[PDB]
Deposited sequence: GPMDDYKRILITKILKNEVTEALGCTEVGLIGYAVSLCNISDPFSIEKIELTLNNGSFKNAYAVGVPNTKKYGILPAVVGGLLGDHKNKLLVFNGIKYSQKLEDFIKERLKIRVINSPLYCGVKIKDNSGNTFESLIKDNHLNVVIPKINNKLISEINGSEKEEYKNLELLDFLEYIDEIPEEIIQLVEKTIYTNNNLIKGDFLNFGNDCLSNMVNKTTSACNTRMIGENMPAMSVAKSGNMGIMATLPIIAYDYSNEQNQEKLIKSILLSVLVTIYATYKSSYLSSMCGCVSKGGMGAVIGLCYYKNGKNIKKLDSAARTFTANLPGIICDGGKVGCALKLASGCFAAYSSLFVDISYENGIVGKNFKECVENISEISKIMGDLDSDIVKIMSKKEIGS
């Protein structure tokens, strides 16, 4: 109950657990375009968009909220209508214009580079003036223009979090502040609304519900429904993975909101922890690690001996950072994570895996660095 640690955890929670309208492929392009502040989008003589291949190879199949269209073209058009102050929710409240899409289709040129996250926007208008944007590395790292949005978690606050143990997260889920309780309740509500039908259902059993509900929420997001998702560390998929299996497991079990809240928070805490300790398919390795720990708390309580067994079994049955199948193969990856996390609660491991939760998170983090 360090109180100083409570202050650290709560700042990390408000900085990483945030809303996002649409996938961050289209959300990033829209926000980068929106930062140019083109007063009259019909004045654009030419527009160049510079994206990395890691964000290009998937944006073609992602639907843009409030447009009824899919791909990069409506993400840029949407950006020209949305407000830069909305950040990741740039597509919110936009009134789509087909006349603008027809005008922009002609002047839009896309350059693709092989590098980490990069999203540059260069615009030249009829008057001869030029405009520039640049979001690099992190989904909210705005390089151009200069925006003194001072609070973002600095390196010391991040390093202090990486040094925490599972025992601290187990103590925190008892001493929860009311803002964090409302943030967790918001997360549970936001991602619950994403469930809109059957995507991969094969029964009424607990596992098939987790798979169906997690994949339905995942699909709803990817098709471009005007519904925000509560993302964890800027990843909408990682927030879905960390929450939906626990929401669906609660529904199929006690239906205890008090327990659901603690388990969802524990899961989110573990997810951010793994993300911080990781290097450059982390959705299911980091998100699924939060899910397996969260499900283990609901099913066993604060039994460290059983929480450590769940982490070793999950790490042994690691899905595979493949990712390669665009999106929809993205939902299949979440479904696989659902299976790995649920099955890990019924097997105990006696090599390639660590001894405890902290050792396993570092082993996963090592796999993502070299491979």
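- Counting the deposited sequence from 1, the stretches lacking C-alpha coordinates are 1 to 2, 153 to 154, 285 to 288, 359 to 361, 383 to 400.
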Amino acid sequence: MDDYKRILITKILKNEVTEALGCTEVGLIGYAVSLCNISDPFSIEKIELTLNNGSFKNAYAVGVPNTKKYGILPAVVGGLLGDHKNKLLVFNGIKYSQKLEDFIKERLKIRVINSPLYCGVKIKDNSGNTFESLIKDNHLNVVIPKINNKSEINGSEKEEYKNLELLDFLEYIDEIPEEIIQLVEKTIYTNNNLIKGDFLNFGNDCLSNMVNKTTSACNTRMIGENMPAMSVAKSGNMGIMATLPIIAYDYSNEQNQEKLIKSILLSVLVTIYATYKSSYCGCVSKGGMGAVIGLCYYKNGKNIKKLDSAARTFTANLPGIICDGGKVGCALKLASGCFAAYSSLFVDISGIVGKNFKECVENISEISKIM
From here on, numbers count along this sequence of modelled residues.
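- Comparing 338 to 346 with 45 to 53, the stretch with the higher mean C-alpha B-factor in the PDB entry is 45 to 53.
- The mean Cα B-factor in the deposited entry runs higher for 164 to 172 than for the other of 164 to 172 and 259 to 267.
- Of the candidates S235, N212, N204, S285, the one whose C-alpha carries the top B factor in the deposited record is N204.
- Residue-level inspection of the entry shows that, of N191, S216, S127, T275, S127 has the top Cα B-factor.
- Compared with the other modelled residues of the chain, the Cα B-factor recorded for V184 ranks in the lowest third.
- Among the modelled residues of its chain, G79 has a C-alpha B-factor that falls in the middle third, as given in the PDB entry.
- Per the deposited record, the Cα B-factor of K302 falls in the middle third when ranked against the other modelled residues of its chain.
- Per-chain ranking of the deposited C-alpha B factor places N86 in the middle third.
- Ranked against the other modelled residues of its chain, the C-alpha B-factor of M227 as given in the entry falls in the middle third.
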